[PDB]
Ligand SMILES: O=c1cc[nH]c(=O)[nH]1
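Take a look at this single chain, the form solved without this ligand, given in structure tokens.
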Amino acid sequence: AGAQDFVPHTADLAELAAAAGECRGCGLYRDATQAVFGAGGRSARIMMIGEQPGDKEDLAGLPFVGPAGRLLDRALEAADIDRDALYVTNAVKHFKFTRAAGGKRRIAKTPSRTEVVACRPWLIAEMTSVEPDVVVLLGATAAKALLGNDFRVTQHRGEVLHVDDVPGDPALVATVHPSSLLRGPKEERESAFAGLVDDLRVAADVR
């Protein structure tokens, strides 16, 4: 099933990342430039999971390098969370996209639940390798990957969650994806930014 046979029997993140470059667990490896594995080290206490690598990530080979990554950096700084404590990754590891004539970027397309479930073996390997105390789920795709396809991020803000089939029973905090805070009226963006900082502080205060 899915990516499972492509995942080697190791918790070494460099070896896992190299193996993900050879993954054919769903169709997304075909058009993407490369797999984008998570970044950070196994001592990280906080793991953060987004949806997928975007246009800039697909070419950088690293998660959270675009405008949404810069906004997340601003929120992490505001939450007094250092990168040293972080392992950051995405629910799926290959960019799914299309282009529009006149566009200034490749347009991210939503991974199907089928793709998320196919790629989940990599997320499980990362979680087994890092043993985080807390997992921050950025957006619906990531939150549903671990909490269920019916899960609604909008209904559980600020809440520390724990589910049974997650490796190591870490705390889980589901929040908005930073990409959503880039647009909208100023007062709504400012209120949303504050709520993202609040959710990051909840996660950082676990244990």
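Numbering starts at 1 and runs along the sequence shown.
K.L.:
Return whichever of 74 to 82 and 126 to 134 has the greater mean Cα B factor according to the PDB record.
P.N.:
Looking at the record's C-alpha B-factors, the answer is 74 to 82.
K.L.:
Between 43 to 51 and 155 to 163, which has the larger average Cα B-factor in the PDB entry?
P.N.:
The deposited B-factors put 155 to 163 ahead on the C-alpha mean.
K.L.:
Among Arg120, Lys96, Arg113, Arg106, which residue carries the highest C-alpha B-factor recorded in the PDB entry?
P.N.:
Among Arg120, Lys96, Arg113, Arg106, the highest C-alpha B-factor in the entry belongs to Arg106.
K.L.:
Could you say whether, by C-alpha temperature factor, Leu196 belongs to the lowest, middle or highest third of its chain?
P.N.:
Middle third by C-alpha B-factor.
K.L.:
Please say which third, lowest, middle or highest, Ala14 falls into when its CA temperature factor is compared across its chain.
P.N.:
According to the entry, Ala14 has a C-alpha B-factor in the chain's highest third.
K.L.:
What third of its chain's C-alpha B-factors does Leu59 belong to: lowest, middle or highest?
P.N.:
Lowest third of the chain for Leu59's C-alpha B-factor.
K.L.:
Classify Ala3 as lowest, middle or highest third according to the C-alpha B-factor given in the PDB entry, relative to its own chain.
P.N.:
Lowest third, going by the recorded CA B-factors of the chain.
K.L.:
Could you look up the Cα B-factor of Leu172 in the entry and say which third of the chain it sits in: lowest, middle or highest?
P.N.:
Lowest third, going by the recorded CA B-factors of the chain.
Keep in mind that the form solved in complex with this ligand is missing from the display, and what follows is about it.
K.L.:
Only one of 39 to 47, 143 to 151, 162 to 170, 58 to 66 has heavy atoms within 4.5 Å of this ligand in the entry with it bound; I'd like to know which.
P.N.:
In short, 58 to 66.
K.L.:
Using heavy atoms and a 4.5 Å limit, would one call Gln52 a contact residue for this ligand in the entry with it bound?
P.N.:
The answer is yes: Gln52 has a heavy atom within 4.5 Å of this ligand.
K.L.:
So which residues in 8 to 44, when you check this ligand in the entry with it bound, have a heavy atom no farther than 4.5 Å from it?
P.N.:
Result: empty, none.
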